[PDB]
Structures are given as C-alpha cells and as structure tokens.
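Consider the single chain below, provided in structure tokens and representing the form deposited in one PDB entry.
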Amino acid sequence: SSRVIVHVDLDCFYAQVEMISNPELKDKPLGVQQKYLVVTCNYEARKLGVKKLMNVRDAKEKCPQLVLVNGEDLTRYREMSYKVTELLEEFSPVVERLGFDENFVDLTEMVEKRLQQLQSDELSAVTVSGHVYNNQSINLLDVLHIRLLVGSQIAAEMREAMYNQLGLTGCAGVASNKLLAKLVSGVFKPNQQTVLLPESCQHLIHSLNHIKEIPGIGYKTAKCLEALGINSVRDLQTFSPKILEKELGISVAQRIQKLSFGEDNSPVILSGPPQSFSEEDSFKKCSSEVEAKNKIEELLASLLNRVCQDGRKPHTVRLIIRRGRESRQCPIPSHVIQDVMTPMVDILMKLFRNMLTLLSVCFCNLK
C-alpha cells in the first residue's frame, strides 16, 4: 500500500513563458501584470522585492526597473501548461493538474517496475537525485527509502525532459502522498528537487508557521480554526477531534486533522481534458448598456474558438457578472451544438437580461 508521489511546480510559470517569447526580457527584472497587479515575476524581480500579486505601483517602488509585460490573455500559458502535463503523462498516465503550473504524478507502479528490473548489487548503489529533506540519512535497507530515491531519479528525468523538450525549469518534491510531496517540492525553491523520507514527515509539517500553510486549509476554515484558538500545526494535531467535528463538520474535521499529521490518503486523479472553458473580462465600471453585448460577444468570441478546437462539445453555458458573484446558466440547445454566436450571444443575452464590473462566459458540461 506504499505510494511514491511527485509534485512538479514550475517556477514563475507566466514569466518563463514570456521570457521564452522575447529572450531579451531575461537578465532584467520582469513582471507579468493583470490590470493593477504583477501576478508573476522572474527571479531577478523577486530579489528586488517584487512579490506575488503586488501593485504595479509598489512593484515600481521597490523595483523602478521592472520591464512589465501584459498577461491577461492566458492562451499561451494554458497551451504550455498542457504541454507539460502531457510530457508527464508520457512518464505515467495518472497525472493530476492543480492550476496551470503544478502537477501531481503517482510514480508507484513505475518505481516498482524499475526495481524488479534492477539487480541485487545495484540496490546498494542507489543514489538520490537532488536534495534530501532535513539532510536526513539514507538507509539503503529501508525499502521505503529506496523507492523514494528511485522516485527522485524519475523526478529528475521529468525535470530534465521539461527543460530539454519545452525549455522550462521547475521544482519537484517526492513524498508518500500528495500533501507532503507538495509541501517538500518548495524547500529548495529555484529549479531544484527534494525528497522526503518518512522519518522527517513531522519535521516538515511542523516547519509550517500556521495551519494557513497546509494545502486544503483556506481562508474560511483557517479563520474558523483561529476562532477555536488553533493556530499552529501542533495545535490542530492536539485539538479535540470532537469540537472540530461539530465546528467544521465530519467531512472537514478528520481530513483537516489528518493533514495536520502529514496524512493524506487522497489519490492522484487523472485530470484528463478540462471539465470547463471560461474567460473573464473586468473593467472600470465600463459595462452599463448594450456594451455588455459587445463584450460577451468578445468573451464568447475566443471561447467558441477554444471550446471547439478541443473536440468535445459543451452542453451548458453560463454567464457570470460582478456588481460575491452571481451566475445564471442554461443548457445549450441541440441546434446550437452545431453559424453559432448568432444563436449563442442571444442565449447569454437573455441570461444577461434575467440578471457591472466583471463579466464572464463559461462553457461547461462537456461531452
């Protein structure tokens, strides 16, 4: 029942893609901006103090030299994202996408195969690729250390192939479940990998400074927990399972408390093709008229290109607006499944009439 999981986490993905386009952008600090927010920056910029999602002003304050670059159109990032997932699917088919720049792979079946092909004398010659978390000592007769080290060898092969075949650097973390692989992938953060041996699991989770930092524990469950006096990982570990049950639920409770201990039995899901296709347009209260139809015609403009090129067809469209958000959705008529936009704009226009700073159209329920 042992598992070997790798978390692959590309460095400043958007920046990497832009720096590939215009090679001149390298060397100097680089921000990728979405409206008034630098969402991503290359290492240089990050050394100068440009932080994740920093105002284009505060960016130009710690870093007047910034060479900013617009990244509101995610097409090129989305395409490279899937080129990376597909490269990893070639290693082992079971790859889970988390956002655009992170992937989980279950290396278990693959690690086991590489061992039965390996020979007796090799077992002692097994080496780690990259760092070992907390410099922990390897025990070459621990079957679990050997598998995690083979896992680190596969992880380094993936990272080498991502660079060689797509020009992308990134980090990797090798552990026995998704939680720990993701928590250890970032220990050595620029284009490196780390492997976690079980004896250091507690050191790793306790290296966190607030249950905020546990993936699966967002703002809501965080502030909720902070209202029970739970703040450190150890607090959540020792807190009453009972009060937690009745406070957050039976679902949230035991999952969160197990994450507290480094436990995470959740399987690596095959992400396969997307379950949805959305696009967003925000503006300085630019919508209060039939302009919404010029936008929406534009949002949907590029989508129909996307949702078509995919192959499958959506059987539901949705329209989203900001003024918390609201949505009104409807099934896509059969006739409209196969010129469109005359019929589709109309669909979403009446969805729009039923219901302005944001505006989005999402194609979902694909078949």
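Residue numbers run from 1 along the displayed sequence. Only residues modelled in both forms are compared. Rigid core: the largest C-alpha set superposing within 1.5 Å between the two forms.
Enquirer: Counting only other entries that model residues on either side of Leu356, is it left out in at least a third?
Expert: In at least a third of the other entries, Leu356 has no coordinates.
Enquirer: Should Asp310 be counted as unmodelled in at least a third of the other PDB entries compared?
Expert: No; none of the other entries leave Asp310 out.
Enquirer: Is there a break between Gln338 and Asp339, and how many deposited residues does it span: none, 1 to 3, 4 to 9, or 10 or more?
Expert: Unresolved stretch here: 4 to 9 residues.
Enquirer: Could you check the entry and say whether 111-119 or 127-135 has the higher mean CA B-factor?
Expert: Higher mean C-alpha B-factor in the PDB entry: 111-119.
Enquirer: Looking at the entry, does 250-258 or 263-271 show the higher mean C-alpha B-factor?
Expert: The deposited B-factors put 250-258 ahead on the C-alpha mean.
Enquirer: Which of these has the highest Cα B-factor in the record: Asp106, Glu297, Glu160, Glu90?
Expert: Top of the list by C-alpha B-factor: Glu297.
Enquirer: Lowest, middle or highest third: where is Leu356 by Cα B-factor in its chain?
Expert: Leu356: CA B-factor falls in the highest third of its chain.
Enquirer: Taking the values exactly as deposited, rank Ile347 by C-alpha B-factor within its chain and report the matching third: lowest, middle or highest.
Expert: Top third by C-alpha B-factor.
Enquirer: Could you tell me which third, lowest, middle or highest, the C-alpha B-factor of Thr194 occupies within its chain?
Expert: CA B-factor rank for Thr194: lowest third.
Enquirer: Among the modelled residues of this chain, does the Cα B factor of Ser288 put it in the lowest, middle or highest third?
Expert: Ranked within chain, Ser288 CA B lands in the highest tercile.
Enquirer: Based on the entry's values, in what third of the chain does the Cα temperature factor of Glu24 lie: lowest, middle or highest?
Expert: For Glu24, whose C-alpha B-factor we compare with every modelled residue in the chain, the answer is the highest third.
Heads up, the form deposited in another entry isn't pictured, but that's what we're talking about next.
Enquirer: Once the rigid core is lined up, just say which one of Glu90, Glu289, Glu109, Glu79 has a C-alpha that travels 2 Å or more between the shown form and the other one.
Expert: The one that moves 2 Å or more is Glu289.
Enquirer: Looking only at residues found in both forms, which runs of 3 or more have C-alpha shifts of at least 2 Å between the shown form and the other one after a core fit?
Expert: The runs that move are 284-286, 289-293.
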